[PDB]
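**Student:** Take a look at the following structure, please.
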There are 2 protein chains.
Amino acid sequence: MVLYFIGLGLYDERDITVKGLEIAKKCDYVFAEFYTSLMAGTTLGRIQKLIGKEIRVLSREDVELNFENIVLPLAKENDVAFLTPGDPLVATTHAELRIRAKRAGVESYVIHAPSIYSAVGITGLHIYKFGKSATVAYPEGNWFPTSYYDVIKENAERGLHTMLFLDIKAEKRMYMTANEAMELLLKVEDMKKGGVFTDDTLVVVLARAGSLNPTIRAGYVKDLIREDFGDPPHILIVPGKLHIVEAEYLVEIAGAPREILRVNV
Amino acid sequence: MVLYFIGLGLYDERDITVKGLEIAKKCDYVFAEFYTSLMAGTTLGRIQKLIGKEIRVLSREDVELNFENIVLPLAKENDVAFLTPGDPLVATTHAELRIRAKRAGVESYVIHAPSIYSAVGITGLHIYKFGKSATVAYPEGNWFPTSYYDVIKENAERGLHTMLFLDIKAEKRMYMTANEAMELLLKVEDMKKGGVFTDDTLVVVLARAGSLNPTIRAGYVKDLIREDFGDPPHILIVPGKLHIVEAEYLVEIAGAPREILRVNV
Ligand SMILES: Nc1ncnc2c1ncn2[C@@H]1O[C@H](CSCC[C@H](N)C(=O)O)[C@@H](O)[C@H]1O
Ligand code: NA
């Protein structure tokens with residue numbers, strides 16, 4: 001009679017919370033999805049060993065189209081868990097799943113875990129200064145989407161930071177690197193010419209948040225566009241004007257050039 | 001000879017991640033602060049029991065003025081942990097403490113935990129749609145903070161949601177309720193008269209996120225301003241333009257007036 005939405009956290013199998021783990025262990029059935037994102041520092045087998053439960057993986061279709069036929073029926077007479085990377089209900093379409101549960105007469109509870117939305121705080125950028133967020137998608141065929149560029153423009157104009165999710169092909173295990181994101185934005189800039197993203201724009205790259213050894217790099221596009229930030233996934237952030245304390249952190253912790261202490265403050 | 005910034009999470013001692021617990025258990029010294037937020041479902045005793053260590057609680061003054069004299073010295077010959085509610089770097093100035101650690105020649109690591117910043121996902125409002133955030137601070141003497149009003153205005157003009165962290169006076173054991181925040185906002189509206197926050201404004205209240213039964217309520221200020229949302233902590237949210245599915249969730253899960261289902265595109 002109960003469905004638990006449990007977050008797996010940021011990077012590896014130890015990023016789930018104590019509460020999430022213990023609840024998952026008490027559930028009769030455990031489902032999970034890895035299409036919104038993947039857990040780069042672990043594997044399905046490792047997650048299964050930790051929880052001590054067989055984990056049934058669901059595709060995007062399984063969830064978006066058949067959540068009520070796959071998961072909810074079992075939640076009617078059993079305790080069921082639905083695992084997702086990060087914090088549950090962060091992914092745009094997930095909240096609606098709770099409405100589906102309600103409609104099926106199924107109780108649902110949310111067990112939180114770390115999300116990249118809050119983990120980006122490790123970049124030293126103040127959380128309150130983040131504006132609307134967006135996702136950088138690849139142009140394809142006769143389609144060249146550029147809304148993420150406008151998001152950066154509107155946030156920066158108001159002195160706000162912009163966190164950018166990069167394209168991911170979960171099934172194909174293909175990720176867009178920060179380097180690729182930068183090249184794309186420069187391309188959009190050449191077309192838009194709004195002076196939003198150029199070789200002189202200061203950016204921050206965050207890779208493997210959650211790991212004990214994440215990669216946090218800050219610098220101008222001209223110098224970072226060909227740098228190696230390691231394995232994906234990568235998060236690209238275009239900061240708005242910096243508070244001196246944010247700049248100092250980027251210099252001391254993210255290897256930013258001293259230059260930002262005068263140029264971007 | 002290392003320092004760990006470990007978040008304890010949203011509500012109780014089990015909101016810590018497995019990673020954080022296992023690391024906290026093996027630290028020689030454990031410090032913590034409980035002035036940046038409130039963990040309404042646990043006690044220092046329960047936290048110490050879980051980690052199996054005596055915890056030295058520090059005041060805002062101990063940290064802000066003496067972190068380098070109290071904590072860092074021990075981090076040179078021992079493994080030390082600094083625990084905080086929620087995520088250690090979210091809506092705190094703790095990130096700067098990493099600079100102090102570095103300058104003191106002490107390596108530091110950050111272990112994230114669920115944060116209220118991402119926990120807002122449980123309100124059904126798309127997290128990417130949140131704009132600049134703000135804090136509603138208690139007026140003091142002749143000083144009456146009002147900047148948070150302009151933040152709501154700026155975001156609303158852009159159709160973005162506004163998350164409002166609420167004030168806290170740990171030493172006085174005072175935690176601002178959503179009701180108090182609404183009263184303060186109405187007073188600011190009277191002064192500025194920008195039509196930003198009135199009795200007809202739709203707001204969402206999230207209380208005690210992290211608990212199994214948090215209070216999630218949506219409605220007009222006139223109807224919620226005197227409603228009991230249970231014990232603190234609380235956060236107040238002023239949504240911007242709603243997507244149909246956001247309104248549906250607010251009605252089905254947050255008990256919002258069915259009339260908001262009819263969005264004015
Ligand atoms: N469980 C919870 N439920 C509702 N609001 C919460 C909350 N935890 C924190 N807050 C809100 O955030 C304020 C503290 S700001 C510090 C936030 C913390 N670092 C984190 O990561 O969550 C509180 O005064 C309150 O308004
Ligand atoms: Na945000």
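Residues in the structure tokens are named by chain (A, B, ... in the order shown) and by number from 1 within that chain; ligands are numbered from 1 in the order shown.
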Return as a ChimeraX atom specification the full set of residues in segment 103-258 of chain A whose backbone-based DSSP assignment is helix (DSSP H, G or I).
**Tutor:** /A:103,116-123,127-129,147-157,178-192,221-224,244-253
**Student:** As a list in words, please: every protein or nucleic acid residue near ligand 2 (cut-off 7 Å, counting only C-alpha atoms and all ligand atoms).
**Tutor:** residues 117, 130, 131, 132 and 133 of chain A; 127, 128, 130 and 131 of chain B
**Student:** Here is a test: counting only C-alpha atoms, which residue of B:94, B:103, B:14, B:241 is nearest to chain A?
**Tutor:**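 Result for the nearest residue to chain A: B:14.
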**Student:** Within 9 Å of residue 86 of chain B, counting only C-alpha atoms, which residues qualify if same-chain residues fewer than 6 places away don't, as a PyMOL selection string?
**Tutor:** chain B and resi 7-11+15-16+37-39+112-116
**Student:** Write the residues of the preceding selection, restricted to N, CA and C atoms, as an mmCIF file, in the first residue's frame.
**Tutor:**
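What follows is the written file part.cif:
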data_model
loop_
_atom_site.group_PDB
_atom_site.id
_atom_site.type_symbol
_atom_site.label_atom_id
_atom_site.label_comp_id
_atom_site.auth_asym_id
_atom_site.auth_seq_id
_atom_site.Cartn_x
_atom_site.Cartn_y
_atom_site.Cartn_z
ATOM 1 N N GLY B 7 27.294 17.240 5.488
ATOM 2 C CA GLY B 7 25.924 17.656 5.714
ATOM 3 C C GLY B 7 25.145 16.544 6.394
ATOM 4 N N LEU B 8 24.220 16.921 7.267
ATOM 5 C CA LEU B 8 23.398 15.949 7.987
ATOM 6 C C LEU B 8 22.010 15.804 7.373
ATOM 7 N N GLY B 9 21.676 16.687 6.442
ATOM 8 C CA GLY B 9 20.381 16.570 5.807
ATOM 9 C C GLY B 9 19.260 17.422 6.363
ATOM 10 N N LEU B 10 18.088 17.188 5.789
ATOM 11 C CA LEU B 10 16.857 17.921 6.063
ATOM 12 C C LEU B 10 16.121 17.890 7.393
ATOM 13 N N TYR B 11 15.879 16.694 7.919
ATOM 14 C CA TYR B 11 15.054 16.563 9.113
ATOM 15 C C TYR B 11 15.602 15.822 10.333
ATOM 16 N N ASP B 15 19.031 11.468 7.645
ATOM 17 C CA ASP B 15 19.110 12.153 6.355
ATOM 18 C C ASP B 15 20.573 12.350 5.908
ATOM 19 N N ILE B 16 21.508 11.890 6.776
ATOM 20 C CA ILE B 16 22.902 11.911 6.361
ATOM 21 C C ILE B 16 23.125 10.835 5.325
ATOM 22 N N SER B 37 20.362 26.236 10.392
ATOM 23 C CA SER B 37 19.082 25.636 10.062
ATOM 24 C C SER B 37 18.569 24.823 11.235
ATOM 25 N N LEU B 38 17.385 24.250 11.067
ATOM 26 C CA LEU B 38 16.798 23.443 12.119
ATOM 27 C C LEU B 38 16.457 22.044 11.625
ATOM 28 N N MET B 39 16.935 21.041 12.352
ATOM 29 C CA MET B 39 16.629 19.655 12.036
ATOM 30 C C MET B 39 15.576 19.296 13.078
ATOM 31 N N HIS B 112 28.062 16.045 0.582
ATOM 32 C CA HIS B 112 26.741 16.648 0.473
ATOM 33 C C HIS B 112 25.677 15.822 1.176
ATOM 34 N N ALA B 113 24.497 16.417 1.318
ATOM 35 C CA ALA B 113 23.345 15.779 1.948
ATOM 36 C C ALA B 113 22.118 16.466 1.361
ATOM 37 N N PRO B 114 20.919 15.890 1.558
ATOM 38 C CA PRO B 114 19.737 16.554 0.996
ATOM 39 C C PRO B 114 19.591 17.989 1.517
ATOM 40 N N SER B 115 19.282 18.900 0.602
ATOM 41 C CA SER B 115 19.135 20.316 0.915
ATOM 42 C C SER B 115 17.725 20.799 0.634
ATOM 43 N N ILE B 116 17.284 21.807 1.383
ATOM 44 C CA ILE B 116 15.952 22.349 1.172
ATOM 45 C C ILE B 116 15.877 22.927 -0.246
#
**Student:** Just want the 10 Å neighbourhood of segment 66-82 of chain B, counted on only C-alpha atoms, with same-chain residues fewer than 2 positions away dropped. Output as a PyMOL selection string.
**Tutor:** chain B and resi 1-7+20+23-33+55-64+84+88+97+100-110
**Student:** Find the residue from A:163, A:120, A:168, A:221 that sits nearest to ligand 1; use only C-alpha atoms and all ligand atoms when measuring.
**Tutor:**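 Smallest separation from ligand 1 among the options: A:120.
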**Student:** I need the residue nearest ligand 1 from this list: A:119, A:182, A:89, A:21. Use only C-alpha atoms and all ligand atoms for the distance.
**Tutor:**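 Closest residue, counting only C-alpha atoms and all ligand atoms: A:119.
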